[PDB]
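One protein chain, two forms: both are listed below as structure tokens, the first as structure 1 and the second as structure 2.
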Structure 1
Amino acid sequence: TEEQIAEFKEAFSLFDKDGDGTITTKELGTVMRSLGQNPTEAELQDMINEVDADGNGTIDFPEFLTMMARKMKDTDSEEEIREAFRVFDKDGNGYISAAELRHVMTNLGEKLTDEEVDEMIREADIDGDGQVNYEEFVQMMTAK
């Protein structure tokens, strides 16, 4: 994984922008401020807390490597996403409406771009009484 570890080291160098070796809240916030995201202090706090496991308050290079190495496609993660989709299942028949899903994504939580939600809708077979099998979405977003 020499290519992968080299990419991870380059990414860490871009993140910290210095030779300190520890990722602080200020630098992580600036990384996205360069893109005009305006991160919150609590947002950066949970960003740092999710990589490190010792509670030092900074993201060390081995911790970031451990975070990146693990694969998103996991049984626990797949079940969590499946139940997240089932949250909006009607009659327990495993069907979620396309338009209802669009409205839910647009209004609740971090609003998705209209075009992006449209691609979500088109990424699978949306016809068939207006319902889309959420498990197809789970399979599409669990393939890594």
Structure 2
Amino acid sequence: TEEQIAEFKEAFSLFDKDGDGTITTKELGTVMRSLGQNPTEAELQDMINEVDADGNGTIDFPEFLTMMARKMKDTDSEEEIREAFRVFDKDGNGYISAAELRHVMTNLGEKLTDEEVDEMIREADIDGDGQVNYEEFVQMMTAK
């Protein structure tokens, strides 16, 4: 862990375009707009209204080190993510086919690149049937 706690702080202030310990919330909207995102101001604000536990707007990784310090793979995030499929559960069994799954991954919320969605289920449709078992995908993402 000690091998990234340092090179991470450099990118930490990389948003402020300076050496201030400032996440640069008003300037992250330009950082991303230059990355190719161009979000709205409400989304920009909600990005940090909770990602940063401090509450200021520019922080010295009180949580910018905590967000990174959250494996995002433990059991606390394997059930919350498994319930989302259960929204799409019907007759259970992790039945989902590539058909409904592509229908959905490319229509709702934050859609993917057609090449992203096509090869995303590719690793989860190894058997080639129309049942993309969830346990097959989380095990793939369990290292998140």
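By rigid core we mean the largest C-alpha set that fits within 1.5 Å across both forms. Every residue number counts along structure 1's sequence, beginning with 1.
Comparing the forms between structures 1 and 2, the C-alpha position of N56 differs by 2 angstroms or more, with the core used for superposition. Taking the core as the reference frame, the CA atom of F137 shifts 0.9 angstrom between structures 1 and 2. The two forms, fitted on their core, place the C-alpha of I126 4.3 Å apart, compared between structures 1 and 2.
Superposing the rigid core and comparing between structures 1 and 2 gives a CA shift of 2.1 Å at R86.
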